[PDB]
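Engineer: Sharing a structure, written as structure tokens. Questions coming.
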Ligand SMILES: [Mn+2]
Ligand SMILES: [Mn+2]
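Protein chains in written order, with the working numbering: chain A, 1 to 339; chain X, 340 to 682.
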């Protein structure tokens, strides 16, 4: 009585042959994973940076942004391992545009087959220039269409507590960051990393698009992302110290999101959070292994203009350069301290 | 790479043929929905009570429990609309038994096909005696196996914020209670009821076991459940008032969970919460339209070693049957007194 209908869906396998990854795409995705792993598990002293638009609504703008970020990445690679945020799925407070896959025309017509085709072509396009990508894993079915291209998955603050998402993460072939809860505390993200590291059994959709029972092996590459929230921002030294105190043995390093709760509703704060995070890193803080930044070609946001976000406000490209070059410098200073 | 393997799964349609609902089961599920709707939307001045075990691990003990509840329910039906908690799916803090579907043998063998058979067979058994059931809709796939039998769904505190669960609720053909967040605040449940009231378009599994694009119509029968949390319990008149102040026009009545965060680590607190909720109801509080209670044959809980003690929860601690009966009779008395105030 509350289903209007069901519309046919191309299977993940079909979409994969219709939009094949190139050899460069596959290699890039594998490289982003290895580099991300090496950083969060403490094998490498660089910082893992997940940086880019809040959401992707426009493939051509995403490509321009990617080409700039790939160049800067090549400049800063001795110090930062940079993965582009190419987020396809957006969790809403109540209702609103859910992203590229859900409604690619952004006009409430919801052509999910086209959204999947655009998302995959986008992920091929970005990785084919040698730039790794990451996305929030909101839908538990869409990763079958796209995982082969993905180097990093986030679980958003609103789903970190969800058993289905901990299950999903336990089977993903790449590192997964759990955002702290929207109340600003970390316990649910700590719990989520514990849960995701275990093997799970649950019903899931396969590559031929039918439901089956999946057994996962557990994902040892999950980590907490500090993203602020109602109790306050948590990118400062006390917050980091409190976080480190709640991490179990075996934990991976922490990532700090400069945006969302940590920006206090003003995207212009991201470079201020950077300064505070840089000061900790530069002076010897080794538990901070990652950062996340909402960045776009042009700054701010707009309601539903080229290179301007239609979801959260982002810093613009030039501020992005200055932020990442500062962070790289802090990484070099931490290396000095650690000698 | 982190996928150990895939095992075949019977489709919802196949299981439904294999384990058909009886005409009594079906009418029972429909009646439970009607009564719950009429209560949360203010048509009926009885209270909707979702009561029963934290989880079901034993079909035969659930059946004995269901028979006692159906008896008491027939006695108290002028005042209380009763739906049994028959919870199949358990969200864990980190890890632990996820319930009857996931591991019906409770021994880490995860025979999910047998779990879905046991669950469906259980749902037909309980509803076939005229007692409506409710469950937490934790899995977004399993409701295709079972929804024909279900009169109430809960979205748990840990999934009330999840867009997937709000999408799920928007296409369910029964009322859905969204618990407040584990931090004890209710904005996320209020936001959830708004989200689930809209049509959504998302990928989901159909009765033939294949993925397709689902379009839902939106669910106007969603309501907030107050279940306490970090900030403190929230069953008292001030919390209730604060809850009513956040509800938008068009909102349904509130439900109060006597257990979980509202019982402060102690199942013995459930009757204390009952007393405070009853005082509010008996004195004219009309926005409280529902309550939820973790109740079993016997009180308390036990660890999982089969060597299990009969009629005792293997998840959260419950009040035993005898306490349950006292609580429910007192709640019916408050409903009666509320009717006097309203005249
Ligand atoms: Mn954002
Ligand atoms: Mn419980």
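Virtual Cβ for every residue (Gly too), placed ideally from N, Cα, C.
Listing by chain order, which chain X residues have their CB less than 7 Å from the CB of residue 162 of chain A?
Structural biologist: To locate residue 162 of chain A, count along the first chain from 1; it is residue 162. Residues of chain X passing the Cβ test: 497, 498, 501.
Engineer: Three or more C-beta pairs closer than 8 Å, one from the region 499–511 of chain X and one from the region 453–460 of chain X: is that the case here?
Structural biologist: Flag = no, the region 499–511 of chain X and the region 453–460 of chain X do not touch.
Engineer: Give every residue of the same chain whose Cβ lies closer than 6 Å to the Cβ of residue 88 of chain A, excluding the five residues on either side of it in the sequence, and list them in chain order.
Structural biologist: For this step, residue 88 of chain A is matched to residue 88 along the first chain. If we look at residue 88 of chain A and ignore the five residues flanking it on each side, its Cβ neighbours are 99, 100, 101, 119, 135.
Engineer: Which two residues bound the contiguous alpha helix (DSSP H) that contains residue 488 of chain X?
Structural biologist: In the second chain, the residue the question calls residue 488 of chain X occupies position 149. Neither: residue 488 of chain X is in no alpha helix (DSSP H) and is coded neither H nor E.
Engineer: In angstroms, rounded to a whole number, what distance separates the CA positions of residue 591 of chain X and residue 514 of chain X?
Structural biologist: The sequence position of residue 591 of chain X within the second chain is 252, counting from 1. The sequence position of residue 514 of chain X within the second chain is 175, counting from 1. If you take the alpha carbons of residue 591 of chain X and residue 514 of chain X, they lie about 10 Å apart.
Engineer: Can you list the residues of chain A that residue 341 of chain X reaches, using a CB-CB cut of under 8 Å?
Structural biologist: For the purposes of this step, residue 341 of chain X is taken as residue 2 along the second chain, with counting starting at 1. Correct list: 170, 171, 172, 173, 216, 217, 218, 219.
Engineer: How about residue 671 of chain X and residue 619 of chain X: do their beta carbons lie closer than 8 Å?
Structural biologist: The residue given as residue 671 of chain X occupies position 332 in the second chain. The residue given as residue 619 of chain X occupies position 280 in the second chain. Contact flag unset, no.
Engineer: Could you name each continuous beta strand (DSSP E) segment of 3 residues or more that falls completely within the region 504–546 of chain X, going from the start of the chain to the end?
Structural biologist: Fully enclosed beta strand (DSSP E) runs of 3 or longer: 515–518, 540–544.
Engineer: Decide if residue 52 of chain A is buried, meaning its Cβ has at least 16 other Cβ atoms within 10 Å, or exposed.
Structural biologist: By one-based count along the first chain, residue 52 of chain A stands at place 52. So residue 52 of chain A counts as buried.
Engineer: Measuring alpha carbon to alpha carbon, tell me which residue in X:637, X:676, X:586, X:417 is nearest residue 690 of chain X.
Structural biologist: Chain X is shown only over 340 to 682; residue 690 of chain X falls outside these bounds and no answer can be derived.
Engineer: Curious, which full-length alpha helix (DSSP H) runs of at least 4 residues does the region 578–634 of chain X contain?
Structural biologist: Counting whole runs of 4 or more residues, the region 578–634 of chain X contains the alpha helix (DSSP H) stretches 609–621.
Engineer: Whole angstroms is fine: what's the gap from residue 377 of chain X's alpha carbon to residue 62 of chain A's?
Structural biologist: Within the second chain, the letter at position 38 stands for residue 377 of chain X. Within the first chain, the letter at position 62 stands for residue 62 of chain A. Rounded to the nearest angstrom, the two C-alpha atoms are 50 Å apart.
Engineer: Would residue 187 of chain A pass as a contact of residue 227 of chain A if the rule is Cβ separation under 8 Å?
Structural biologist: Mapped onto the first chain, residue 187 of chain A falls at position 187. Mapped onto the first chain, residue 227 of chain A falls at position 227. No, the Cβ-Cβ distance between residue 187 of chain A and residue 227 of chain A is not below 8 Å.
Engineer: Residue range of the beta strand (DSSP E) that residue 136 of chain A falls in?
Structural biologist: As a first step, residue 136 of chain A must be located in the first chain, where it is residue number 136. 133–136 is the span of the beta strand (DSSP E), which, as asked, contains residue 136 of chain A.
Engineer: Using a Cβ-Cβ cut-off of less than 8 Å, give me the residues of the region 100–119 of chain A that come near chain X, in sequence order.
Structural biologist: Hits within the stretch, in order: 102, 103, 110, 112, 113.
Engineer: So with Cβ pairs under 8 Å, would you call residue 194 of chain A a contact of chain X?
Structural biologist: If you number the first chain from 1, residue 194 of chain A lands on position 194. Answer yes: the Cβ-Cβ gap between residue 194 of chain A and chain X drops below 8 Å somewhere.
Engineer: So which residues on chain X does residue 253 of chain A lean against when the C-beta distance must stay under 7 Å?
Structural biologist: Here the question's residue 253 of chain A lines up with position 253 in the first chain. Here the premise fails: no neighbours, minimum Cβ distance about 20 Å.
Engineer: Label residue 132 of chain A either buried or exposed according to how many other C-beta atoms from any shown protein chain fall within 10 Å of its C-beta, with 16 as the threshold for buried.
Structural biologist: In the first chain, the residue the question calls residue 132 of chain A occupies position 132. The residue is buried, with at least 16 neighbouring Cβ atoms inside 10 Å.
Engineer: Ligand 2 and residue 278 of chain A: does the residue's C-beta get closer than 7 Å to at least one heavy atom of that ligand?
Structural biologist: Locating residue 278 of chain A in the first chain gives position 278, where the first residue counts as 1. Result no, Cβ not under 7 Å from ligand 2.
Engineer: When DSSP labels each residue in this structure, what does residue 123 of chain A get in the three-state scheme?
Structural biologist: Your numbering for residue 123 of chain A matches position 123 in the first chain. Three-state result, residue 123 of chain A: helix.
Engineer: Please list, in chain order, the chain A residues whose beta carbon lies closer than 7 Å to that of residue 545 of chain X.
Structural biologist: As a position in the second chain, residue 545 of chain X is number 206, starting the count at 1. Chain A residues near residue 545 of chain X: 6.
Engineer: How would you call residue 351 of chain X, buried or exposed, if buried means at least 16 neighbouring beta carbons within 10 angstroms?
Structural biologist: For the purposes of this step, residue 351 of chain X is identified with residue 12 of the second chain, where counting begins at 1. By the 10 Å Cβ count, residue 351 of chain X comes out buried.
Engineer: Under the criterion of a Cβ to heavy atom distance below 7 Å, does residue 655 of chain X qualify as lining ligand 2?
Structural biologist: Counting from 1 along the second chain, the entry for residue 655 of chain X is found at position 316. Flag set: Cβ of residue 655 of chain X near ligand 2.
Engineer: Between residue 148 of chain A and chain X, is any beta-carbon pair separated by less than 8 Å?
Structural biologist: Taking the first residue of the first chain as position 1, residue 148 of chain A is located at position 148. It does not: the Cβ of residue 148 of chain A has no partner Cβ on chain X nearer than 8 Å.
Engineer: Using 8 Å for Cβ pairs, my map puts residue 422 of chain X next to residue 493 of chain X. What's the rounded Cβ distance?
Structural biologist: One-based indexing of the second chain puts residue 422 of chain X at position 83. One-based indexing of the second chain puts residue 493 of chain X at position 154. That belief does not hold up - the Cβ atoms of residue 422 of chain X and residue 493 of chain X are roughly 11 Å apart, past 8 Å.
Engineer: Considering only residues of the same chain and omitting the five flanking positions on each side of residue 278 of chain A, which have a CB-CB separation below 8 Å?
Structural biologist: The residue labelled residue 278 of chain A in the question sits at position 278 within the first chain. Excluding residues within five positions, the ones whose Cβ falls inside 8 Å are 326, 327, 329, 330.
Engineer: Counting only runs that start and end within the region 39–117 of chain A, where is the alpha helix (DSSP H) found for 4 or more residues in a row?
Structural biologist: DSSP runs (the alpha helix (DSSP H)) wholly in the region 39–117 of chain A: 59–76.
Engineer: Measure the C-alpha to C-alpha separation of residue 196 of chain A and residue 177 of chain A and round it to an integer number of angstroms.
Structural biologist: Locating residue 196 of chain A in the first chain gives position 196, where the first residue counts as 1. Locating residue 177 of chain A in the first chain gives position 177, where the first residue counts as 1. Taking the straight line from one Cα to the other gives about 11 Å.
Engineer: Could you check whether the Cβ of residue 54 of chain A sits closer than 7 Å to any heavy atom belonging to ligand 1?
Structural biologist: As a position in the first chain, residue 54 of chain A is number 54, starting the count at 1. Yes - ligand 1 has a heavy atom lying nearer than 7 Å to the Cβ of residue 54 of chain A.
Engineer: Which residues does DSSP list as the beta-bridge partners of residue 5 of chain A?
Structural biologist: In the first chain, counting from the first residue as 1, residue 5 of chain A sits at position 5. In DSSP, residue 5 of chain A forms a bridge with X:554.
Engineer: Is residue 294 of chain A near ligand 1 - that is, is its Cβ less than 7 Å away from at least one heavy atom of it?
Structural biologist: Working through the first chain from its first residue, we reach residue 294 of chain A at position 294. Within the cutoff, so yes.
Engineer: Please classify residue 364 of chain X: does DSSP put it in a helix, a strand, or coil?
Structural biologist: By 1-based counting over the second chain, the position of residue 364 of chain X is 25. Correct three-state label for residue 364 of chain X: helix.
Engineer: Does the Cβ of residue 429 of chain X have 16 or more other Cβ atoms within 10 Å, making it buried, or fewer, making it exposed?
Structural biologist: Within the second chain, residue 429 of chain X is the residue found at index 90, counting from 1. Looking at its Cβ environment, which holds 16 or more other Cβ atoms inside 10 Å, residue 429 of chain X is buried.
Engineer: What does the alpha-carbon distance come out to for the pair residue 413 of chain X and residue 615 of chain X?
Structural biologist: The residue labelled residue 413 of chain X in the question sits at position 74 within the second chain. The residue labelled residue 615 of chain X in the question sits at position 276 within the second chain. If you take the alpha carbons of residue 413 of chain X and residue 615 of chain X, they lie about 25 Å apart.
Engineer: Could you check if residue 50 of chain A is buried or exposed, using at least 16 other CB atoms within 10 Å of its CB as the buried criterion?
Structural biologist: For this step, residue 50 of chain A is matched to residue 50 along the first chain. When all chains shown are included, residue 50 of chain A counts as buried.
Engineer: Between residue 605 of chain X and chain A, is any beta-carbon pair separated by less than 8 Å?
Structural biologist: For the purposes of this step, residue 605 of chain X is identified with residue 266 of the second chain, where counting begins at 1. It does not; no Cβ of chain A falls within 8 Å.
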